[PDB]
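In: Build me a model from this:
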Amino acid sequence: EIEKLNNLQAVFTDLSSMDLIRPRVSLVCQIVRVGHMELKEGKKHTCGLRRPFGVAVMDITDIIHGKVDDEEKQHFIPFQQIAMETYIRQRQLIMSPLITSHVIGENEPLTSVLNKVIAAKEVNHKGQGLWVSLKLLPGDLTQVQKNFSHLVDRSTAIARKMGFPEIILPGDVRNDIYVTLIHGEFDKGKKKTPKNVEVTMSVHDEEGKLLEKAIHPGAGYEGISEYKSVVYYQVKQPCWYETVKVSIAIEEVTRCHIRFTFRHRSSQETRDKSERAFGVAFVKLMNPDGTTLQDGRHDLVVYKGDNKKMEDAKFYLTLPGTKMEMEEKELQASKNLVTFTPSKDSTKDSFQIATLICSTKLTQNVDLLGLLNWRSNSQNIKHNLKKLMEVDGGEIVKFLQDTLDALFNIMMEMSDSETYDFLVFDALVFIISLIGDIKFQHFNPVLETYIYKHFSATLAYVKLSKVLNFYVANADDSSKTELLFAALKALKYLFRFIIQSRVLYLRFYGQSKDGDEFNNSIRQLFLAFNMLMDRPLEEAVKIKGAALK
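Out: Numbers count the residues shown, from 1 in each chain. You can find the structure just below:
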């Protein structure tokens, strides 16, 4: 790109406070040649094939700390090329030739070369590398664009972090789908040379139409309809570890999947274009329970057989795309012997991916949706309430509003079962405890926004007051001790919620026919506080101190 050379400026945002304090950070550049598979002159070779070349690594931990910050400095990151050492030393081996070996100088995945360069602080650059001026500019994207407009303008490229910031701003709308092709074992079959396998990611909808420009090779580059992985020269188990960006509409990614097409590149172009994808896997970007794909690793299953069947969304999507799905279908087919015949196309070939979903609306939890589906998941609400506390707060704060509303609706419709009231009480206590943390403190304003605007309860305050009054009355219980103590820690917004429900009652019923009763409830609640506190202190020194707090 002739218009980029003077504008090749990369800026890595989201580098949180913990990002700087990381003891070891490296600026790693992946160098992959695109073009002919073999550097041979005499025959046409398949162009556009990606082959590993080398990796340049510099320990920039001190730079990210800001120990050195100067625009004029041009840090020369040395470039280490892969060890294709089969031409120099071979000319001197006499008087004892006993060797039967092959040439492996390009087949090594870039992960091994990267590990070697990391281990070897000295890089055998031999005059090959790249110059970059490295600096840390404090602040987020915007204030770097403003306080450092000269260095970083709107034409400067932008990259985001593999993770989440310490402060998730209310409204950090993102759909960062980082799909990393970790590894895949593909059978050679009848081909004596190991199949040159490439993961040509193909994002299709449930109808099979390929989504254009939905896959992004990396930062500073626009999306592509299909991303082609690194071609590995006759490798049985090509390891890619290629972190590529997928940006689907967060509403469309619920109706979007990624199909993973694996094709064989022979050394010849005619054989390349005459050979179809012998195997095709796919990942369903959302769980069968209505939640998006879980953050972690997914072991895809490579398929074999009819090409049209393999590429028809109506068929392969129905097939289990992952080994976990295969096991789940196999186990569910054991109990019901009703038209369940395993296919012989389930070969040993499989694929592995890693999906780091940095999203604000995408949900990853069964219990979360079950509670959100409580009106139809009434059979699990007892279990959903018990098992939502284990759910991390990161996904919870996405739809904390709807979680609250679902809990309050549970209270309204079936307040008869007080056990569910206790479970909702404890879950809400945990909710406020986790939101009050530094990580989610900025969503407390959003929580208050829900309370003052979207809160829709007229008598839940009664039940919450009853439960907390039982909490204070049963204070001496040790099992309650942590629970009541956490409620005490989460009291402020608790009573804000109760007061909002009470005033909602007031304005929908005009005058409180139970204003005396509500003020009473407050009376015996304070009296329960008093009978808590007049108890001998040796049981609850901490609880009394926190109460005063």
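In: Could you use CA atoms for every contact and neighbour count after this?
Out: Fine.
In: partners of the one helix or strand residue 358 maps to in the sheet?
Out: Assigned by DSSP states H and E, residue 358 belongs to strand 350-359. Using DSSP bridges, the strands paired with strand 350-359 are strand 175-185 (antiparallel), strand 296-301 (antiparallel).
In: Residue 456 is nearest to which of the ones you listed?
Out: Distance to residue 456, taken as C-alpha to C-alpha, is lowest for strand 175-185 among those, at 30.0 Å.
In: With distance to residue 158 and mean neighbour count as extra columns, can I get the strands paired with strand 350-359 in a markdown table?
Out: Output for these, formatted as a markdown table (distance: least, C-alpha to C-alpha, whole Å; neighbours: other C-alpha atoms under 10 Å):
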| stretch | distance to residue 158 | mean neighbour count |
| --- | --- | --- |
| strand 175-185 | 13 | 21 |
| strand 296-301 | 25 | 20 |
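In: out of the ones you listed, nearest to residue 122?
Out: Judging the strands paired with strand 350-359 by C-alpha to C-alpha, what sits closest to residue 122 is strand 175-185, at 27.3 Å.
In: Which SSE is immediately downstream of the closest one?
Out: strand 197-205.
In: tilt between that following strand and strand 175-185?
Out: For strand 197-205 and strand 175-185, the angle between their directions (axes from the mean of the first three to the mean of the last three C-alpha atoms, to 10 degrees) works out to 140 degrees.
In: Now do stretch 156-171: distance to the chain's middle.
Out: 13 Å (C-alpha atoms, centre = their mean, to the nearest Å).
In: returning to that earlier point: now the strand holding residue 358 - C-alpha only, CSV.
Out: Written as CSV, here are the backbone C-alpha positions of strand 350-359 (Å, rounded to 0.1, in the frame of the first residue of the first chain):
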residue,chain,number,x,y,z
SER,A,350,-11.0,-32.5,13.9
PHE,A,351,-10.3,-28.8,14.3
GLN,A,352,-9.7,-26.5,17.4
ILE,A,353,-10.5,-22.8,17.8
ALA,A,354,-10.4,-20.2,20.6
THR,A,355,-13.1,-17.6,20.7
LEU,A,356,-12.4,-14.5,22.9
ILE,A,357,-15.8,-12.7,22.6
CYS,A,358,-15.4,-9.1,23.8
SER,A,359,-19.0,-8.1,23.7
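In: picking that back up, export the strands paired with strand 350-359 to CSV and tack on distance to residue 275?
Out: As requested, the strands paired with strand 350-359 are exported to CSV (distance: least, C-alpha to C-alpha, whole Å):
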stretch, distance to residue 275
strand 175-185, 19
strand 296-301, 20
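In: closest one to residue 68 among those?
Out: Proximity to residue 68 (C-alpha to C-alpha) singles out strand 175-185 among those, at 30.9 Å.
In: still on that earlier bit, residue 432 is nearest to which of the strands paired with strand 350-359?
Out: Between residue 432 and the strands paired with strand 350-359, the tightest spacing by C-alpha to C-alpha is seen for strand 175-185, at 26.2 Å.
In: which residues are in contact with that closest one?
Out: With contacts defined as C-alpha atoms under 8 Å, 6 or more residues apart in numbering, strand 175-185 is touched by 199, 236-250, 348-360, 362.
In: Go ahead and confirm residue 138 touches residue 144.
Out: Yes. Counting by C-alpha atoms under 8 Å, residue 138 touches residue 144, with 6.8 Å between them.
In: Compare these two (neighbour count), which wins?
Out: More neighbours surround residue 144 than the other of residue 138 and residue 144, with 19 against 13 (other C-alpha atoms under 10 Å).
In: count of residues packed around residue 123?
Out: Residues contacting residue 123 under the criterion other C-alpha under 10 Å number 19.
In: Tell me how far the residue nearest to residue 366 when sequence neighbours are not counted lies from residue 87.
Out: Nearest non-adjacent residue to residue 366, counting by C-alpha to C-alpha, 6 or more residues apart in numbering: residue 289, 6.7 Å away. Residue 289 sits 57 Å away from residue 87, going by C-alpha to C-alpha, to the nearest Å.
In: Could you check which of the two has the larger neighbour count?
Out: A direct count of neighbours by other C-alpha under 10 Å for residue 289 and residue 87 places residue 289 higher, at 12 against 7.
In: Next up, phi/psi of that one, please.
Out: Phi and psi for residue 289, reported as degrees, to the nearest 10, are phi -90, psi 10.
In: Do a quick rundown of the helices in the stretch 101-250 of the chain.
Out: Assigned by DSSP state H, counting those that start in this stretch, the stretch 101-250 of the chain shows helices spanning 110-119, 141-147.
In: This completes my enquiry, with thanks.
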